[PDB]
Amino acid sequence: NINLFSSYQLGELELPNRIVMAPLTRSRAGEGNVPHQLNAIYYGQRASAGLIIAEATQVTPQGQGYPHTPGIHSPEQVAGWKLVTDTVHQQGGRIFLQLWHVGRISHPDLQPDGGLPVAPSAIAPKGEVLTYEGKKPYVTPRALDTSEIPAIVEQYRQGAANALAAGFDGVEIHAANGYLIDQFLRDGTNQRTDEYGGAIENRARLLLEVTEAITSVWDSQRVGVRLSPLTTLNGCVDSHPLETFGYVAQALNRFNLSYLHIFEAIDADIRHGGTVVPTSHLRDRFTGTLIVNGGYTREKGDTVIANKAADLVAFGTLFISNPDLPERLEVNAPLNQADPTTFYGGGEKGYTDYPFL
């Protein structure tokens, strides 16, 4: 009778419970997009998680899309992240870094030399993007040349190598929420006519090449992949999500990965006649560890573990406000209410000052 509090063997790591801290952008990086002591305190406070997945962290300068997110491309960033991994390990926790490239979801003001964001296809996102000077309209990204795809893969490989030097326990490839890899996956954002567009094997190719490069740096059971099959975030939608995401789930088996992590869009059920990609479909086609996420509670997490629908359950919002979420869920304590006004940017307030039980 396994439940959220059951231990789990994730490759060589023994997780003390099945509760994962989802990756959460908090936009509190210092100069040079470098993590600092306050970020180490924040993650250390949450080290009772079975596994922490750190916030999305750009693998290269062009992969930044929002002010003050941390990177994993410079020696100063590695040193700052080692403060974080040192603290988490001292607290007896485990932490993976989520490796990011935002693709088109950026602005020239955040790019080297004020250049265009890059993407599979030159299709502007709708609406506005935050810059240092304030909100501005998006521009149209540059479509990468076929010859530049190896450079993207190499940027991910280097980000993964830097994460290894920073003392992480593993890495998660951010292939969700409409960022660069997801832009290639989904046909709403990828109109390419080379071997990276069109057929599903072509749209999946960037993710698979990135995965192969990263599993050349890390043992493969320390590499996870995140997908979000039915999100509409960032204007990124696929026309045949069951076929697309079911193909990816099966295609990842041969890499012997740490896990596949699914963020189940919060409106998946109401935004269709029903969910067009039940997670069961992905559970059936990926044979490894499955993390599920999106609106989970103690009740719902225990149910999915008991029914064998998932192995691990990641919590986002609740881990912002409850540093000791595992203990609170275990003893059925009150939960602190998250304050969205301090999710992104700032200092201690709404970051390290949510109380323990």
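In case it trips you up, residue 1 is the first one in the sequence shown, and so on.
Across the two stretches, 12 to 20 and 330 to 338, the PDB entry reports the greater mean Cα temperature factor for 330 to 338.
Two stretches are in play, 129 to 137 and 203 to 211, and the higher mean C-alpha B-factor belongs to 129 to 137. Within the selection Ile72, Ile266, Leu144, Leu185, the deposited Cα B-factor values reach their highest point at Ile266.
Across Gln155, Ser258, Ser280, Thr189, the entry's maximum B-factor at the CA atom is seen for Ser280. When the modelled residues of the chain are ordered by their C-alpha B factor, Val304 lands in the highest third. Remark: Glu148 belongs to the middle third of its chain, ranked by C-alpha B-factor as recorded. Placement of the Cα temperature factor of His272 within the chain: highest third of the modelled residues, per the deposited record. In the deposited entry, the Cα temperature factor of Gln58 sits in the bottom third of values across the chain's modelled residues.
Ranked by Cα temperature factor within the chain, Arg298 sits in the highest third according to the deposited record.
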